[PDB]
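>
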Amino acid sequence: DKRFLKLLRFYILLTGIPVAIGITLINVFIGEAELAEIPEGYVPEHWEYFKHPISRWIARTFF
Amino acid sequence: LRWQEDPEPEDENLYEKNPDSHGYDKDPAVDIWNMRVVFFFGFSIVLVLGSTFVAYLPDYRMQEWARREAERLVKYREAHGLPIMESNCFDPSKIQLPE
Amino acid sequence: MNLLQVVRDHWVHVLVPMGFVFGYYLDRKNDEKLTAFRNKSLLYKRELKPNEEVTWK
Amino acid sequence: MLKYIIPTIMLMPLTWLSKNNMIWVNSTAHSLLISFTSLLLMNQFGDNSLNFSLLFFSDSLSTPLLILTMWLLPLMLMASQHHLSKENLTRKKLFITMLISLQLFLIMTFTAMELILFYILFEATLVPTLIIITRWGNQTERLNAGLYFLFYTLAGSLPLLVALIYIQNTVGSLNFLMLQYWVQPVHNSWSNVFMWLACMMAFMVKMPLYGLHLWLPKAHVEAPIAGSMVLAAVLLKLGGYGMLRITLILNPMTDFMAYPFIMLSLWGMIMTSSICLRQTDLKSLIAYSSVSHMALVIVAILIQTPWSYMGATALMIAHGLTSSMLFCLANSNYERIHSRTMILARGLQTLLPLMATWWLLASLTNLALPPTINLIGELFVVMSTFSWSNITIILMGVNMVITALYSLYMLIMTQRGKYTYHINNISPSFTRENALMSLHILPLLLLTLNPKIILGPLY
Amino acid sequence: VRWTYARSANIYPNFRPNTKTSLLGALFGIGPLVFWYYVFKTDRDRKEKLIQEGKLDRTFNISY
Amino acid sequence: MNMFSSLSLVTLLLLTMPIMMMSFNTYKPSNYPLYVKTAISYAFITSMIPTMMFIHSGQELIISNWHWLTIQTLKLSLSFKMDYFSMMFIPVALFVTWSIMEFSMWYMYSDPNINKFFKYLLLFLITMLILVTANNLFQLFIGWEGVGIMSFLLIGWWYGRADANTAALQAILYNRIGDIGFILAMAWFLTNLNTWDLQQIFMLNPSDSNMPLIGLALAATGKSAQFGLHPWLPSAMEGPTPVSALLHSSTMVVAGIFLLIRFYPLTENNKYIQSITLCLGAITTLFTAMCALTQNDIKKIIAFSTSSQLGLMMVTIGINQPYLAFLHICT
Amino acid sequence: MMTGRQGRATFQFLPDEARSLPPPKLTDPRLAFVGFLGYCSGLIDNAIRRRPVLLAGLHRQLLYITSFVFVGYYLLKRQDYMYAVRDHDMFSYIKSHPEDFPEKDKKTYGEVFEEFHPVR
Amino acid sequence: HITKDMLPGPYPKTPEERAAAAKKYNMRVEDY
Amino acid sequence: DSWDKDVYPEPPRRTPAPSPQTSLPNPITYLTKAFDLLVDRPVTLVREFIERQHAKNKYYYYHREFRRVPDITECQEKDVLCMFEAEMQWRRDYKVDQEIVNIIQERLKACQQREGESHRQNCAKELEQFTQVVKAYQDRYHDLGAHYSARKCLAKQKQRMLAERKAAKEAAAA
Ligand SMILES: [Zn+2]
């Protein structure tokens, strides 16, 4: 029982810590987007209608 | 006897020949790698990155946009004395009643 | 060993990944047959940009 | 949907071209990757669904079912490694091929845009399911279970085939997008009364509806563990999914045709939940719990309200992970004592301390402890039915009391008390078994943090 | 093994459709279904009449 | 407000730290009972700061920090109500829980699972603070049902004993029959007021509130062990003595009374319910007191004593004195 | 139905007018599925005679695939021809019986009356 | 292994079967 | 600042001034000073550092605007292409109208908390605005069913209009 819980803890933290750290750096050094009016004659791309950096990357790359 | 049939084999304890067995396979090398794939792809990839992927969905089903849009309409309609919400969804200027 | 018994019993680890790439490609080819209303709908029709030639692929 | 169909098909060459001792490792690893890519279907919009091509489309209803379906294949492979260890290699690889075929048919079933295409795939899931039950089940009764599971589904599905073909001849199409706009009201006549029965009986038998459920305690009990998991987690939800779609083209006749089935389900809730209080077989008690949980889904779908539909979708996903978990927990005991009787092995909490924790969590989800998605779905269905008729709260309330009694009775009867003296082969829980439970309960609880992705189109 | 078999698999072959079993299965099986049907049809028929007449309070009822 | 809000949430967050540390194993064993006891102590001093700010100038606030779910026109957000019946109960519960945890270090010293015992006592305390601070019914339902589950796991602590499991399941049985009323109230408010938030329920102030209040009274009947659903509380003495002192004497069986107190803005305008609650409490305070006159088990005498005092709490709610019923909970 | 078609050209696999239609592309998805059936036939041939399923008789397997693709190609030319003839007859009949297929007067949903059935 | 000869059967009619049932259930025929 | 005050009004904040009438020190006064020094100041330093980095990499996101398209009343029967665009428009409006009801409910809930024991009289305007938006929402979106559509909403509207026209005649009958 203890071996399983150690393995379960290790593998959740194997990517849990890098992801937790990565999200922290992005929020500080990249930050969110500011709500702005659409410039005249400018057509935003479909991934420019979202705030968070990670959400804009999911939409730009996958959707 | 009524036939020539093998005896009911006794169940095999996987811990007898391998007290470090993870339960996946009799071969220790195969047993360890089956445990590694399940834990890495199961917990490190799908549950950790999948949960992170879902948490940052691009406005699932446009409910943040809906709140943002309603704020404009409430601001606009109230600033002009218009009703906050009309009781007719379609303008009755282009509806022809039966008789 | 080297490129033997590690390419004869691990080459199968490209079938499913390759199936995803092939499946992804066919979906892109499927959208190419459904472009009868690209930049022609009442809600998203607009003038093309100077360099843009198609609104979406 | 070719980005998911093709990789699933490639799981077959992988199994057959893999090393003899790597069939489980290879298939498990790549089925978890296909599960990973299934999250891309979450690209849903608040007005329009994903319409990939002329054949396949995904909306907020099919997407959670697709993700659940593709997530269960790795779990089924883990759960089957033990009891298939002393099996011929070719027959081990044929068992996996049936599981892959079942996923291939299920993913095409939930995304089919044309109803007749849905029918064929909806019907094709019987063959691999029938083969798993009758070939790799343990007891004699697997043969009779297969016949019941087969002829109950075809006795209702064949009239559905006639009704669907009739609809195309009169409406001109069976594309589900077209029907949304060309649908017409159903005039009240004897002819339409039977078009309603033909369009709904197949899905109710598969739900199952109380009275037509006799196939479920046989099939779900006599099947191997992998069969039971898919049977209770994804294949009961073909009926619920079908009714959600087909009910679009049955208005307004559904508002009075629904009474005999709302009554069977509401009263069937209490009967099936009560049967569990006196079940001697542990695996059979879990089987009857599904009948009682799918009773709420039938009622929610038939009363046709946004809250009932949101509850129905959450219930189907929540029940999928909980019933599947319970079968695996029950099979964990069976693989040690080789008997399904609930009272045979007792006090197992003193011998398997960590497996008793999974029993607790699986029991708390089953009895709908808030804020688990089991309670969210069940609550949303109680709220909607109260508006339908305030008296229904009585029947819904009584079932909640019975549900807690047989959920904790199962926990107390098998885990607490004194251990059986003559059972001395209770070996410590394997890492495979523990990881199998963690792969059920962790997603079930993480969904509480973001419930909206399982609330369906009406969200 | 005799107790579980006696409770599950030995029930049907030792059943005879006689007066005792037919009446018990009729009033316990069909009886509740008919009873609840009229409790709900009456309740919904009464409610629908009030809603059409406009004399049922639904002032803030916008969740169904 | 900057300090009132921050210190009102630190109390709740402080209590969850020992639970979290015991998950990722970021702590050392054999100090856990002492670790958990020290968490309650610091949770008590921090909780006194917001209480003083209330005593000073009667400051109250509602914190809706997390938006969880939006079902069309029903927005569910994690909301905490820091008001009269949250700034006075939390300090009292933490002070009493402080003593019971210290007493448990001695009473349960020889128990091999003393670490699990202090995890369950702490989990119960969290679910009770969720119940007491809940600003909407759904969140109130989380702590309402959570306290029942932790009661079930603590009544049957000595799970090898058959009579312990029977008492544990009996508590669930009577509290489920009470939950039928809780679900009935939630259904009525949603259909008739389109909300589960107490604020909107009070603002609209329904006039025909016989149905929702009868559901709440039924919910209070079970969890507070009033007549008809009383037997479980005396039989909850199967668990270890610390459980009886904490849960089934002072800080769990008062939840039913606390639920009716939170809805005094409705029950003060409904004299039909006041008649029912007054009579329900009056029979309870008499019947259970009469039972204690001849019981020889010391724990059951004090168990029936709690039911009698709980009955006197509901008699107070029946005479339209919600604030005297609350003050009797604390004392 | 179309047995007595005026220009039937009886007992001809592909009448001459069928050469006015696009031939199936050699990358046709239907033609690839037919080729796949030939591959399965080759494998089953080895399996029933207890030969190495994937390796034995590559020459035999190639002829299985070739034979299916060859016959499939012509069975798809006639499939497309017969559906081409159906549409040709269907439209010519409509064009010569205009009074049987009159365009109905389409109205807008603001005009047509549809009864409302409340769901409560 | 367990055979059909030692599983519950139909109601016993003749006194020969009553004794067999009692011997099958490990009861004395007077107690069966 | 962060949110518009026209859509989420907050009345002016009247705070009574301190007027001690005792010699004992006020514990809240000293705890407030400790909180500011130990809690509020280190927190601000972290935020200002974070806020400084955002300015160095400032970028923008926009609010999607949908141009109006012909509604279902202007689509021909069984015309999928025109009905499609009308339907997707009616769904977006349905969602927006759902959030409009949410906003007015937040006003009602916030007013009741803010006014304390005098909310009965001091939140009469918020209550009235909630009783009118709810009426309008119920008229155009209630009883439609799980399979709601623009067609069903249009049919519901035309049934209400016939009932109102049939009421005008019976009103002007004397
Ligand atoms: Zn075994």
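Chains as they are written, first to last, in the entry's author numbering: chain h, 18 to 80; chain g, 24 to 122; chain f, 1 to 57; chain M, 1 to 459; chain m, 65 to 128; chain L, 1 to 331; chain d, 1 to 120; chain l, 3 to 34; chain p, 2 to 175. Don't be surprised by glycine CBs; every beta carbon is placed ideally from N, CA and C.
For g:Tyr-79, decide whether its Cβ has a neighbour in chain h, counting only Cβ atoms nearer than 8 Å.
Yes - at least one Cβ of chain h is within 8 Å of the one on g:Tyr-79.
> Please find out if some non-hydrogen atom of ligand 1 comes closer than 7 Å to the beta-carbon of g:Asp-34.
Within the cutoff, so yes.
> My output table needs one value for l:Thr-16: the three-state DSSP class, helix, strand or coil.
Note: l:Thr-16 maps to coil in three-state DSSP.
> Would you verify that the beta carbon of h:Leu-24 is, or is not, closer than 8 Å to some beta carbon of chain g?
Output row for h:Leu-24: interface = yes.
> Let me see if you follow: with CB-CB separation under 8 Å, is h:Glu-57 close to chain p or not?
With 8 Å as the cut-off, h:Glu-57 does not count as an interface residue toward chain p.
> Return the bridge partner residues of M:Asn-175 from the DSSP annotation.
DSSP, once it has assigned bridges, lists M:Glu-114 as partnering M:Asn-175.
> Measure from the C-beta of M:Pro-74 to each C-beta in chain h and report whether the shortest distance is under 8 Å.
Cβ-Cβ to chain h under 8 Å: no for M:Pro-74.
> Using the beta-carbon count (16 or more within 10 Å), is L:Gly-58 buried or exposed?
Per the 10 Å Cβ criterion, exposed.
> Using a C-beta to C-beta distance shorter than 8 Å, which residues of chain f count as neighbours of p:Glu-52?
Within chain f, no residue comes near p:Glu-52; the closest Cβ sits about 35 Å away, beyond 8 Å.
> Whose C-beta lies closer than 7 Å to the C-beta of L:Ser-305 among residues of the same chain, with five residues either side of it excluded?
Around L:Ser-305: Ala-292.
> Are the Cβ atoms of L:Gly-143 and L:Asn-175 separated by less than 8 Å?
No, Cβ-Cβ distance for L:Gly-143 and L:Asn-175 is not below 8 Å.
> Is it a yes or a no for the stretch 13-32 of chain p touching the stretch 45-61 of chain L, going by three-plus beta-carbon pairs under 8 Å?
As far as the Cβ criterion goes, the stretch 13-32 of chain p touches the stretch 45-61 of chain L, which means the pair count is three or higher.
> For f:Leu-34, which three-state DSSP category applies?
Correct three-state label for f:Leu-34: coil.
> Compare the C-beta of p:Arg-161 against all C-beta atoms of chain f and say whether one is closer than 8 Å.
No, no contact with chain f.
> Using a Cβ cut-off of 8 Å (strictly closer), state whether g:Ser-44 contacts chain h.
No, g:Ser-44 does not count as interfacial toward chain h.
> Between which two residues does the beta strand (DSSP E) containing L:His-67 stretch?
From DSSP, the beta strand (DSSP E) with L:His-67 extends over 61-71.
> Report yes if the C-beta of M:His-220 is less than 7 Å from at least one heavy atom of ligand 1; otherwise report no.
Every heavy atom of ligand 1 is 7 Å or more from the Cβ of M:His-220, so no.
> Rounded to a whole number of angstroms, what is the C-alpha to C-alpha distance between M:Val-171 and M:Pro-252?
Approximately 17 Å between the Cα atoms of the pair.
> What alpha helix (DSSP H) runs, 4 residues minimum, are completely inside the stretch 282-325 of chain M?
If we require 4 residues or more, the alpha helix (DSSP H) runs fully inside the stretch 282-325 of chain M come out as 282-303.
> Kindly confirm or deny that the stretch 95-104 of chain M and the stretch 124-144 of chain M touch, where touching means at least three C-beta pairs closer than 8 Å.
Yes, the stretch 95-104 of chain M touches the stretch 124-144 of chain M.
> Can M:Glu-335 be considered in contact with ligand 1, in the sense that its beta carbon sits closer than 7 Å to one or more heavy atoms?
Yes, the Cβ of M:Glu-335 comes within 7 Å of a heavy atom of ligand 1.
> Is any beta-carbon of chain h found at less than 8 Å from that of p:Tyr-61?
With 8 Å as the cut-off, p:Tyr-61 counts as an interface residue toward chain h.
> Using a Cβ-Cβ cut-off of 7 Å (strictly less than) and excluding sequence neighbours within five positions of M:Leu-436, which residues of its own chain qualify?
Within the same chain, M:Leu-436 has close Cβ partners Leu-75, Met-78, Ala-79, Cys-328.
> Name the residue from p:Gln-22, p:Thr-132, p:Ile-73, p:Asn-123 whose alpha carbon lies nearest to the alpha carbon of d:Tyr-109.
Answer by Cα proximity: p:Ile-73.
> Candidates p:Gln-54, p:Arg-108, p:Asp-80, p:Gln-77: which alpha carbon is nearest p:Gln-130's?
Closest option to p:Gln-130, Cα to Cα, is p:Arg-108.
> Taking the continuous alpha helix (DSSP H) assigned at M:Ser-80, which residues delimit it?
First-last of the alpha helix (DSSP H) with M:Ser-80: 62-80.
> Are any of the Cβ atoms in chain L nearer than 8 Å to that of m:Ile-126?
For m:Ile-126, the answer is yes, since a Cβ of chain L falls inside 8 Å of its Cβ.
> If I follow the unbroken beta strand (DSSP E) through p:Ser-119, where does it start and stop?
No beta strand (DSSP E) holds p:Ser-119; DSSP gives it neither H nor E.
> Any heavy atom of ligand 1 inside 7 Å of the beta-carbon of M:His-213?
No, the beta carbon of M:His-213 sits no closer than 7 Å to any heavy atom of ligand 1.
> Which bits of chain f does M:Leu-14 rub up against, with CB to CB less than 7 Å?
Correct list: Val-12, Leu-15, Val-16.
> In angstroms, rounded to a whole number, what distance separates the CA positions of M:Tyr-148 and M:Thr-365?
When rounded, the distance between both Cα atoms is 30 Å.
> Anything in chain L within Cβ reach of M:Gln-349, meaning under 7 Å, just list it in chain order.
Going along chain L in sequence order, the residues near M:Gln-349 (Cβ under 7 Å) are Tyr-159.
> How about p:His-148 and M:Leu-65: do their beta carbons lie closer than 8 Å?
In this structure, M:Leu-65 does not lie closer than 8 Å to p:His-148 by Cβ.
> Could you tell me whether any non-hydrogen atom of ligand 1 is closer than 7 Å to the CB of h:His-63?
Checking every heavy atom of ligand 1 against the Cβ of h:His-63, none is found closer than 7 Å.
> Quick one: does the C-beta of L:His-67 sit closer than 7 Å to a heavy atom of ligand 1?
For ligand 1, not one heavy atom lies less than 7 Å from the Cβ of L:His-67.
> Can you tell me whether L:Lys-75 is helix, strand or coil according to DSSP?
Reduced to three states, the DSSP call for L:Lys-75 is strand.
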